[PDB]
């Protein structure tokens, strides 16, 4: 139950679906059409959560009907070990400023704030500006 495998650019559409499903305006479509650190969470053959990293947490999502079953945080641990094994101690992520609920509980893991809003980090799908927030951890 709640297993994790890789993407393998055969089922990249899986990942692109989970990123386009949960919080998708920002999620560009040329983004995942380059990649071929990726990892997806499976719930008895059901893809449920995804993770895209850069070396930074570039995306971490889980299906709303399979959250809170410890599943998103399992993807978080995979990112920490990845950092620990690339001889670096900096794991960071950019988040929208209106995203407060995916912060308080999401910052349960040591992830401290760099200091106020950044303004227009990235344009989404429409093309408008989107205030952003930066938090980071250490290995």
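Numbering follows the first chain given and starts at 1.
Where residue 36 is followed by residue 37 in the displayed chain, the model omits 10 or more of the deposited residues that sit between the two. According to the entry, the stretch of the deposited sequence that connects residue 55 to residue 56 contains 10 or more residues lacking coordinates, which leaves a long gap in the model. Stretches compared: 44-52, 77-85. Higher mean C-alpha B-factor in the entry: 77-85.
Averaged over CA atoms, B-factors in the entry run higher in 93-101 than in the other of 58-66 and 93-101. Ranked within its chain, residue 13 lands in the lowest third, by CA B factor from the PDB record. Per the deposited record, the Cα B-factor of residue 4 falls in the lowest third when ranked against the other modelled residues of its chain. Placement of the Cα temperature factor of residue 19 within the chain: lowest third of the modelled residues, per the deposited record.
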